[PDB]
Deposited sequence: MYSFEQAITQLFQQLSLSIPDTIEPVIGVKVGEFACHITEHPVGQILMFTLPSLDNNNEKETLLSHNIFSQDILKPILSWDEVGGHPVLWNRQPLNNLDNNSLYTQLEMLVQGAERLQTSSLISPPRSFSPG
């Protein structure tokens, strides 16, 4: 059912339907590299690694996480292993329809856009 979900999603996005479906699928939407996988079993998980800013205060960052009427609104978190932010959303694979994966990906990138409101090595 996961393979069917990724297949259907790639179709809707006009993406080359993979004959081989890896555990973690990748889809880039502009500057946001999104990852799609099943975890835990029966749950579709999508995450992106946003680039926050030291300027943001704790309460402001935590404000993004308040619940809303949309269960797909993404959660802003931190991965202590890698040492960087992680924005993610999740939904059940049992209760999934034709616009589901597509909508979850859209909700994730919109949440990522909301986190932005440069120097490099």
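Gaps in the model relative to the deposited sequence occur at 1-2, 120-126, 131-132, listed in sequence order.
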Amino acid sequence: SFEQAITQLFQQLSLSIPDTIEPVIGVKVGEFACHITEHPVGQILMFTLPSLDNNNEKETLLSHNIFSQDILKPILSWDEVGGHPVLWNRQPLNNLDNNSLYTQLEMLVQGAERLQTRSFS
From here on, numbers count along this sequence of modelled residues.
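The question of which stretch, 98-106 or 17-25, has the higher mean Cα B factor is settled in favour of 17-25. Between 44-52 and 73-81, it is 44-52 that carries the larger average Cα temperature factor according to the deposited entry. Annotation for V86: C-alpha temperature factor in the lowest third relative to the rest of the modelled chain, per the entry. Among all modelled residues in this chain, the alpha-carbon of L62 has a temperature factor (C-alpha) in the lowest third.
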